[PDB]
Structure formats: C-alpha cells, structure tokens
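Following: one structure in structure tokens, then a few remarks.
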Amino acid sequence: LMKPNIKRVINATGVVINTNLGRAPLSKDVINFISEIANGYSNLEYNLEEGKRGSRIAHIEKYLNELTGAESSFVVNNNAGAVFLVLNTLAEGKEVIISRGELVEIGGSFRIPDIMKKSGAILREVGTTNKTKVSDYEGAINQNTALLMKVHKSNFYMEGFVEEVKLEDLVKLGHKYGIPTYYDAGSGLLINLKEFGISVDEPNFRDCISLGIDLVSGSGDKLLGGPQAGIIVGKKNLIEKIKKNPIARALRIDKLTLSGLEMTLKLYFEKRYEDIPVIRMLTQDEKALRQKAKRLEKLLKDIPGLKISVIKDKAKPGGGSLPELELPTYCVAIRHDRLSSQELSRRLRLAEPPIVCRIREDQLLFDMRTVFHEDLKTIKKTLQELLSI
Amino acid sequence: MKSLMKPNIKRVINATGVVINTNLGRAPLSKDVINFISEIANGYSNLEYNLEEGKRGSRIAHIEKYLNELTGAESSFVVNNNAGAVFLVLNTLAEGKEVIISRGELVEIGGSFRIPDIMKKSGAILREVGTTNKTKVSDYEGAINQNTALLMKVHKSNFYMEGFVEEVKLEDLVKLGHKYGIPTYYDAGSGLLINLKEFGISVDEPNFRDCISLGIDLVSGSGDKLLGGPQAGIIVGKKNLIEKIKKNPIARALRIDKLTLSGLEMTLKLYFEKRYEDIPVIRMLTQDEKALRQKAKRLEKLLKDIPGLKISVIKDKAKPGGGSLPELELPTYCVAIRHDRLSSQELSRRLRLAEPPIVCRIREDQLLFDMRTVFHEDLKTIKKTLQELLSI
Ligand SMILES: [K+]
Ligand SMILES: [Pt+2]
Ligand SMILES: [Pt+2]
C-alpha cells in the first residue's frame, strides 16, 4: 500500500458527535495554531520570564477556572482516564456510591464498573435500573464511603416510569455526610446551551460547578468541540491530590492536544462559538441546511441513472452527547436504477474519499447537517467516477 | 367517622385514553366474566372439590388445563400477583443461591415493587452482570459458577431505553442455560397471551406461547395487564419446576381468591373461544381508527346544545398502554371542549367530583376526551354530567 490508512471521510450521517467518525472536527484557526506549535520548538514546559522549566497544563487551567468558576482544574489524556484517575486517587480501597442506572458502557472498551474495578475503588450500586431515589444513595453511606458519584448517560436515555436524584439533592447529601461529589458529565459541554437557542437539560461545567459539585469531568472532543482530552474541574484541595498521583504522569496530555485545547478555550473566552465546528453544526440554521441541500442537488442532476430528491426530516444530530435531542434537517435523497442502495453505500465507503451515509427503506440519504461546503464538489467527482465508468 | 357512610371505591369514567392504567384499576372485565364471577360468589361452589370423586380437590386444577394448552407449557400455576410469582419462583429455586440478571433489568414497577429488593427478601442472591445500557451473552456466562441456580430476564414493562443499547437475545440465554444446565426464568410482566401482530398492532412485546416454545423454563406475568383478566401471578413452564414451586408453603400465603379464579377462568375461556373483542383490554387496543372517530363525532353531536360550550374533534397520537407498552404510540380521535365561564382546570376538578367521576387529560387550558377508553354507555352520561355542572 502506497496510501496511509487514516483518511478524511465525508460524513453524511447527519450525526455531529460521531464516536466512529472521529468525534469533533477542528476549526482551521485551531489547527493552524496546532500546526505552528508543532512545526518547531516552544515553551511547552518552560518559563520564558525566569529562564527555567515550567508546568505545561498551567497555560490552560486559568481559562478553565474562570470559564467554569471552579477553584482548580486539570487535564489528562481522555475522560476515561479522568474517571480512572479520579477514582484511583480518592477511592482506592473505599466505596463509591452510584445509581444502578448510570453504570454505563460508552464506546466498546469503556464500562464504568470495569474501569472502576481496575481503579481499586469499591463499587457500591444503589437504586434500580429505571428509578433511583435519594434514600438509595444515603442508605448506602458508611465508614468506608469515599465518594458520591453520578455519571451522565451520554449515549442513551430512558423513557417511561423513570426517576433520578436531582444533583442539588446529591450536593446536599454530600455536604451532610462530608462526602465529596464526583460528576462525570462526559460531554464536556462548557456553558449553558440555552444561550445559543438550543433548549436542553444537558449539564455543563459552569452550571454544575456553581451547583456545589466538588468534581466534574468530561471529554474535550464532544460538546466542547475541542481535541481529545479528559477535563477535570473542582475543589482545589481535590485536584491537588489528583495532580500528585503518579499515574497522572502516564495520562499526561501531548503538545498537540494542549495547543489545540488552549486555542479552543481562547475562542470560548472570546465567545466565538461559530468558530468551533461541533457547535456551529448543531446550531446551523434550518434554512442554511436546505440551502446546502439544494446546492448539492444542483451538482447531481447531470449524472446518469440518478434520482435526486430533498426531504425534511427529524434527526437525532448528537451521537455521543445529546441522545434525546431531535432536530429537523434537510437530507439530500438519492437513488440509482441499476444499484441497490445497500450496494451504493458500500461503494461510497470504499470511495476516496469514503462517503458514509444513512439509509432509510432502500433510499440512500445524505444529511447535510454534517457535510462541509468543500465536500460537495468532492461528492460530485466521486459519484461520477463510480457511476459513469 | 362521616366518610364511612358510603364506600370510597367508585366506578370512574376514563377519558385519559390510557388502556392499562395503574391508577384507574388496570384491566376492566367484560360483563360475561363479571356475571360468571357473580354466579360463583352468590352461593357455594366446587372451589376446592372434586364432584367426580366426592372429595376435596385442588382449586388451581380448573385453570391449569387452560394455561397449559394456551401457552404450550408442561404444567402451570397461579398465585396472587406477579410480584408474588417472582418472589415465589426465587424463594423456591434460588434460596441461598445465586441468580444472574442483566444490570439493565433491575426494575421498579409500581411504587412498592423493586426486583433487587424483593429478590433480596426472597433469600436469593443477586449476581448482576453487564451494564445499564448494554449487556452481552458474555456477561451472563462469565458470572456462572457452582452456586448459580438461575438465569433471569425481567421484561422492562413500564419503561424503555433508546440510544446505544444492547440486550441478550432470549434464544442465546436459553442456549446458555442448556449449556450449563441452569434453568432460565422470564418475568414478562405484561402477561400478554398471544402475539400482537395478529391484531394489526406491530410490536416486539413478548407473549406466553412464543416465549415458552423458545425453550424458556419458566415464564411469569400479570393477569390484569395485557392478558385482560383479573389480578394474578401466572407461572408456566417445566412440570418438574412448577411442582417444586406448588409445594412451597409460601405458595399458600399467595393462594388466589375465589373471585379472581372465577374471573380468570372465564377470561381464559374467552381466549379459547377466540372472542378477543369480548375482553376489554384487547378490544380497546385493537379499535379501528374509524371507530374512534365514529365515537368522537357521536359525542360531539350530544354536546352541541350545551351553553358556553365550544367543541371540536381532533386527531392525535397517544400512548394507550400505561403499564405495559410504554413505547407504543397509537393515533386516536379525542373530543376537545372549552367553556367561557369555567377554566378547564376547574372543569376537570368538578368532573372528578361528579357521580360518576370523569377523569380526562388537560393540555394548554383545553380539555381532552380520548375515545380509546370510553364506553358507549358512557357517552349519554357525559352529556347529562356536563349540563348539570354547567347549566345549574
Ligand atoms: K494525548
Ligand atoms: Pt372522617
Ligand atoms: Pt353520619
């Protein structure tokens, strides 16, 4: 093979946070900065003022602190690690209370009880799958309770007869017994969504911090729309213990992500949301989508055996973050006389660049939500090369 | 006390359009059944007797024949309620032993019923496997050991999950159980008797016959849910196991009453006779869309003459099963009413205080009557009830 296996793939699934397709894409502004810091040497671990070594995370935490309002903050390889670290540091040998309904598998390799076991912490599971009350948490408190933990169900959701302990209650319960409260938000949403005209209950750092939760973690590649990372924020007392754990060194973030992260956080401090693609995509205007949808169909009419439509559909745009959410978008629907849709999808994934699309009832769909403007021309040229042969 | 001069349990007209309603008494009974119940209650009977042999007999006997035939299990048994069945199954086969179950199937149904809580009081030992959202065969098999007494699956009747989710195919469980020689218990909960797709309602909901022929060793369910009968815990399965269960002294504490046994038998006989329309819970879920409309405009016809009354007829998607089919979404015709003098919040409040009461849905200060759960004899009574409240 002359070719590298890692390829740019055209996402037509209309799924913005896609665990399979590389999660959050990055803004050209961020990547340029990353590219700059990677092209030569730098002040990675250095103080230019004093002429000696300095802490790498230092640059970042300041932003996090003022953005989230938490006393201190830290960042490690990924949220998986965040969880592992937080547990291993605070709960080794001791008991961590958690709802039977928040023991989650995210991805293929991550399971709360599995990482938790490996951490050295002792799982104490309370309540039921579908309903969990405050009593259940309190009931399970004892001498060896180190931690009150909540995990946000980022990849799935429950409906029907359902209950859940209000975080406030959890903070309350924590304060009573003097037990720290750890919240794995996971989506790493930085700020309240309702500020962008998207009304959702999705917990963010800032808000769940000001709720009095002692520790909150999340990924950087999800709702934060940054590079992969485990983000931790909370009580300085705690973060301090965390940083000091030798394991934290094995979880230490790389130069690239660090740079990538800091640029991302600058954008947020400067309130330039449109400049982080996950946010832009999820707040894209319903008109902007039809405008894109029709723009593509204009390029598709001239090719043979091709049936082009454009529909309006309720999709669930956030894959690994906002599972409940349903938003309307415009899909460009296409069909060929000679080829079944399943056969076409298969060829599209094998194309260069590959094209991954949603199928509905033997009707091949491209959801514009997650398609770029530079992608359109490339789908034309890629469709004709397969079908005009 | 003053409120003692009259009974508190009253008939109540349900306009919530919610067929299986935990609050409003669950499944109503057909008059055929009620008559039969009334007949066996009115005097003495063969309850525990063998008229052939002139000596005492099992009460369950009457019923077991029907269940065994309908579901295709070797033997069957009936206790007070499904909670009890679950309690009894576990206390019989798993006391002091381990029961493997998915972390996603540890349910709270009702306020007072929690699998892990009752399983504990059961004497059984809970070995929970997998995760909330995803559970694989691996999880089940990996937790098997010397003290493993049971592989258990509980059907999520009152809630459901969406997103990244995994579940073990029943077939694989059975295959896993046959491998290690461990019995498999399915708490269906819904006690649905026959496949729903036969009535034009396409859903995955498990039924007795189908889950038995798949090689599950024990299946239980409620009587007053999708079975459309009176309250009961129904167990069907392998004779060797039913036997062990029947002999548990606790099963006498859970022994069913003359009334439900009667009601149950007639209910089942209706199933044998394939007269589904004569069991309200199935009739109400299988009602034709036209029929609902037909019924909705026949109501509107009666209410036009009432002063201050604005009346429309809408078409809406509702969720008819409360405690059995939470996913199921079905279209129905509601009859919507509005008054100029009374707020709908105040009008609903008065309707519940009526004789007979009337419970309906409220949506943005508009009052909804869902035709799904309204009987034909109830229309007239809604007219007379409204005019009495509004005119007076
Ligand atoms: K890294
Ligand atoms: Pt009283
Ligand atoms: Pt009195």
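Ligands are numbered from 1 in the order shown, chains are lettered A, B, ... in the order of the structure tokens, and residues start at 1 in each chain.
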
>> Could you list, as a ChimeraX atom specification, all protein and nucleic acid residues with an atom at most 6 Å from ligand 2, counting only C-alpha atoms and all ligand atoms?
In response: /B:1-3

> Can you tell me, as a PyMOL selection string, what residues are no more than 10 Å from segment 73-76 of chain A when counting only C-alpha atoms, ignoring any on the same chain fewer than 6 positions away?
Replying inline: chain A and resi 57-58+60-65+82+85+215-220+228-236+238-240+242-243+248-254+258+261

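Atom CA of residue 92 of chain B is found 5.8 Å from atom CA of residue 245 of chain B.
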
>> Using only C-alpha atoms and a distance of at most 12 Å, pull out the residues of chain B that contact chain A, as a PyMOL selection string.
In response: chain B and resi 22+101-118+128-136+139+154+156-166+319+321-328

Selection export as a PDB file, in the first residue's frame, atoms kept: C-alpha atoms:
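result.pdb written:
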```
ATOM      1  CA  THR B  22     -52.126   1.718  37.015  1.00  0.00           C
ATOM      2  CA  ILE B 101     -29.506 -10.966  35.838  1.00  0.00           C
ATOM      3  CA  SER B 102     -28.722  -8.030  33.492  1.00  0.00           C
ATOM      4  CA  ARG B 103     -27.853  -4.685  35.117  1.00  0.00           C
ATOM      5  CA  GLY B 104     -30.480  -3.238  32.806  1.00  0.00           C
ATOM      6  CA  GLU B 105     -33.352  -5.379  34.014  1.00  0.00           C
ATOM      7  CA  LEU B 106     -33.347  -4.492  37.736  1.00  0.00           C
ATOM      8  CA  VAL B 107     -36.672  -2.685  37.686  1.00  0.00           C
ATOM      9  CA  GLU B 108     -39.030  -0.726  39.851  1.00  0.00           C
ATOM     10  CA  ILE B 109     -42.581  -1.292  38.677  1.00  0.00           C
ATOM     11  CA  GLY B 110     -45.208   0.443  40.813  1.00  0.00           C
ATOM     12  CA  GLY B 111     -44.072   2.228  43.968  1.00  0.00           C
ATOM     13  CA  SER B 112     -43.574  -0.765  46.163  1.00  0.00           C
ATOM     14  CA  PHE B 113     -42.040  -3.336  43.826  1.00  0.00           C
ATOM     15  CA  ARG B 114     -38.277  -3.441  43.192  1.00  0.00           C
ATOM     16  CA  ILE B 115     -36.648  -6.557  41.732  1.00  0.00           C
ATOM     17  CA  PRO B 116     -33.471  -6.252  43.722  1.00  0.00           C
ATOM     18  CA  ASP B 117     -35.461  -5.519  46.913  1.00  0.00           C
ATOM     19  CA  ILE B 118     -37.842  -8.406  46.589  1.00  0.00           C
ATOM     20  CA  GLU B 128     -25.827  -8.610  38.451  1.00  0.00           C
ATOM     21  CA  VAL B 129     -23.985  -8.549  35.169  1.00  0.00           C
ATOM     22  CA  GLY B 130     -23.315  -6.299  32.208  1.00  0.00           C
ATOM     23  CA  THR B 131     -24.126  -2.574  32.268  1.00  0.00           C
ATOM     24  CA  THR B 132     -27.238  -0.403  32.363  1.00  0.00           C
ATOM     25  CA  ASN B 133     -27.460   0.216  28.597  1.00  0.00           C
ATOM     26  CA  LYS B 134     -25.572  -2.733  27.121  1.00  0.00           C
ATOM     27  CA  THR B 135     -25.460  -6.395  28.269  1.00  0.00           C
ATOM     28  CA  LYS B 136     -23.942  -9.257  26.222  1.00  0.00           C
ATOM     29  CA  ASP B 139     -21.758 -11.153  30.948  1.00  0.00           C
ATOM     30  CA  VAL B 154     -37.065  -9.282  33.527  1.00  0.00           C
ATOM     31  CA  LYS B 156     -38.930  -3.719  31.060  1.00  0.00           C
ATOM     32  CA  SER B 157     -42.729  -3.212  31.035  1.00  0.00           C
ATOM     33  CA  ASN B 158     -43.030   0.359  32.374  1.00  0.00           C
ATOM     34  CA  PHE B 159     -40.018   1.999  30.749  1.00  0.00           C
ATOM     35  CA  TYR B 160     -37.748   1.600  27.740  1.00  0.00           C
ATOM     36  CA  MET B 161     -34.338   2.696  26.543  1.00  0.00           C
ATOM     37  CA  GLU B 162     -33.036   4.364  23.397  1.00  0.00           C
ATOM     38  CA  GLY B 163     -29.579   5.074  22.068  1.00  0.00           C
ATOM     39  CA  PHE B 164     -26.526   2.893  22.263  1.00  0.00           C
ATOM     40  CA  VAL B 165     -28.131  -0.202  23.688  1.00  0.00           C
ATOM     41  CA  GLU B 166     -27.557  -3.947  23.790  1.00  0.00           C
ATOM     42  CA  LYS B 319     -49.670   6.293  24.271  1.00  0.00           C
ATOM     43  CA  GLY B 321     -50.747   1.353  27.436  1.00  0.00           C
ATOM     44  CA  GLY B 322     -49.522   2.843  30.656  1.00  0.00           C
ATOM     45  CA  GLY B 323     -48.041  -0.099  32.476  1.00  0.00           C
ATOM     46  CA  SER B 324     -47.286  -2.441  29.626  1.00  0.00           C
ATOM     47  CA  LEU B 325     -46.461  -0.814  26.277  1.00  0.00           C
ATOM     48  CA  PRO B 326     -44.700   2.431  27.065  1.00  0.00           C
ATOM     49  CA  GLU B 327     -43.230   2.696  23.590  1.00  0.00           C
ATOM     50  CA  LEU B 328     -46.486   2.078  21.764  1.00  0.00           C
TER      51      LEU B 328
END
```

>> At a cut-off of 12 Å, using only C-alpha atoms, what residues contact residue 248 of chain B? Leave out same-chain residues fewer than 5 positions from it and give the result as a VMD selection string.
In response: chain B and resid 79 85 87 to 93 95 241 to 243 253 to 255

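The space separating atom CA of residue 338 of chain B from atom CA of residue 19 of chain B comes to 24.5 Å.
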
>> Based on the backbone DSSP call, show me all residues of segment 320-367 of chain A assigned alpha helix (DSSP H), as a PyMOL selection string.
In response: chain A and resi 341-349

>> Among segment 31-189 of chain B, which residues does DSSP mark as strand (DSSP E) when it is run on the backbone? Keep the chain and numbering as in the structure and answer as number ranges by chain.
In response: B: 75-79, 98-102, 108-109, 113-114, 125-129, 148-154, 159-163, 184-189

For the residues in that selection, give me C-alpha atoms as a PDB file, in the first residue's frame.
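The result, written out as result-v3.pdb:
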```
ATOM      1  CA  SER B  75     -47.510 -27.502  33.702  1.00  0.00           C
ATOM      2  CA  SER B  76     -48.726 -24.218  35.202  1.00  0.00           C
ATOM      3  CA  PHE B  77     -49.664 -22.419  38.429  1.00  0.00           C
ATOM      4  CA  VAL B  78     -51.374 -19.209  39.557  1.00  0.00           C
ATOM      5  CA  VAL B  79     -50.634 -17.025  42.586  1.00  0.00           C
ATOM      6  CA  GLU B  98     -27.022 -17.062  43.011  1.00  0.00           C
ATOM      7  CA  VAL B  99     -29.292 -15.541  40.367  1.00  0.00           C
ATOM      8  CA  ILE B 100     -27.711 -13.986  37.315  1.00  0.00           C
ATOM      9  CA  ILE B 101     -29.506 -10.966  35.838  1.00  0.00           C
ATOM     10  CA  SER B 102     -28.722  -8.030  33.492  1.00  0.00           C
ATOM     11  CA  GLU B 108     -39.030  -0.726  39.851  1.00  0.00           C
ATOM     12  CA  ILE B 109     -42.581  -1.292  38.677  1.00  0.00           C
ATOM     13  CA  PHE B 113     -42.040  -3.336  43.826  1.00  0.00           C
ATOM     14  CA  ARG B 114     -38.277  -3.441  43.192  1.00  0.00           C
ATOM     15  CA  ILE B 125     -28.537 -13.875  45.944  1.00  0.00           C
ATOM     16  CA  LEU B 126     -28.221 -11.300  43.170  1.00  0.00           C
ATOM     17  CA  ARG B 127     -25.381 -11.582  40.725  1.00  0.00           C
ATOM     18  CA  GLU B 128     -25.827  -8.610  38.451  1.00  0.00           C
ATOM     19  CA  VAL B 129     -23.985  -8.549  35.169  1.00  0.00           C
ATOM     20  CA  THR B 148     -25.534 -20.383  40.212  1.00  0.00           C
ATOM     21  CA  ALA B 149     -29.169 -21.508  40.499  1.00  0.00           C
ATOM     22  CA  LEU B 150     -30.922 -19.361  37.887  1.00  0.00           C
ATOM     23  CA  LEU B 151     -30.571 -17.237  34.733  1.00  0.00           C
ATOM     24  CA  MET B 152     -33.209 -14.481  34.914  1.00  0.00           C
ATOM     25  CA  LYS B 153     -34.547 -11.909  32.469  1.00  0.00           C
ATOM     26  CA  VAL B 154     -37.065  -9.282  33.527  1.00  0.00           C
ATOM     27  CA  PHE B 159     -40.018   1.999  30.749  1.00  0.00           C
ATOM     28  CA  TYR B 160     -37.748   1.600  27.740  1.00  0.00           C
ATOM     29  CA  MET B 161     -34.338   2.696  26.543  1.00  0.00           C
ATOM     30  CA  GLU B 162     -33.036   4.364  23.397  1.00  0.00           C
ATOM     31  CA  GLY B 163     -29.579   5.074  22.068  1.00  0.00           C
ATOM     32  CA  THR B 184     -33.991 -19.748  32.782  1.00  0.00           C
ATOM     33  CA  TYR B 185     -36.759 -17.584  34.340  1.00  0.00           C
ATOM     34  CA  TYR B 186     -38.503 -14.816  32.321  1.00  0.00           C
ATOM     35  CA  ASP B 187     -40.562 -12.246  34.140  1.00  0.00           C
ATOM     36  CA  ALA B 188     -42.557 -10.985  31.110  1.00  0.00           C
ATOM     37  CA  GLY B 189     -44.633  -8.908  33.475  1.00  0.00           C
TER      38      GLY B 189
END
```

Would you mind listing, for every residue of segment 86-177 of chain B within 8 Å of segment 206-222 of chain B, the two atoms forming the shortest contact and the distance between them in Å to one decimal, using only C-alpha atoms, sorted by chain and ascending residue number, as a tab-separated table?
```
residue	atom	partner	partner_atom	distance
B:86	CA	B:220	CA	7.4
B:170	CA	B:214	CA	7.9
B:171	CA	B:214	CA	6.7
B:174	CA	B:216	CA	6.1
```

Store the residues picked out above in a file with N, CA and C atoms, as a compact mmCIF listing (two decimals), in the first residue's frame.
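Saved as out.txt:
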```
# COMPACT_ATOMS: atom_id res chain seq x y z
N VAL B 86 -42.85 -13.87 41.12
CA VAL B 86 -41.43 -13.56 41.18
C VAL B 86 -40.82 -13.93 42.54
N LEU B 170 -33.19 -13.67 23.64
CA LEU B 170 -33.69 -14.74 24.52
C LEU B 170 -33.13 -16.10 24.15
N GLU B 171 -33.06 -16.37 22.84
CA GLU B 171 -32.56 -17.64 22.30
C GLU B 171 -31.19 -18.01 22.87
N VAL B 174 -31.40 -19.06 26.55
CA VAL B 174 -31.84 -20.44 26.60
C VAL B 174 -30.67 -21.32 26.23
```

>> List as number ranges by chain the protein and nucleic acid residues near residue 226 of chain B, meaning an atom at most 8 Å away when only C-alpha atoms are counted, but skip any in the same chain fewer than 3 places from it.
In response: B: 20, 27, 190-193, 222-223, 281-282, 324

>> If we count only C-alpha atoms and set the cut-off at 10 Å, which residues sit around residue 117 of chain A, ignoring sequence neighbours fewer than 6 positions away in its own chain? Please answer as a PyMOL selection string.
In response: chain A and resi 84+87-88+92+111+123

> Any idea what's packed within 9 Å of residue 289 of chain B, counting only C-alpha atoms, ignoring anything in its chain fewer than 5 positions away? Could you give it as a VMD selection string?
Replying inline: chain B and resid 294 331 to 333

Give me a file of those residues, with C-alpha atoms, as a PDB file, in the first residue's frame.
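Writing the result to part-v5.pdb gives the following:
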```pdb
ATOM      1  CA  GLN B 294     -67.249   7.478  14.739  1.00  0.00           C
ATOM      2  CA  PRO B 331     -53.436   7.526  16.734  1.00  0.00           C
ATOM      3  CA  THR B 332     -56.837   8.279  18.264  1.00  0.00           C
ATOM      4  CA  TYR B 333     -59.617  10.817  17.971  1.00  0.00           C
TER       5      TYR B 333
END
```
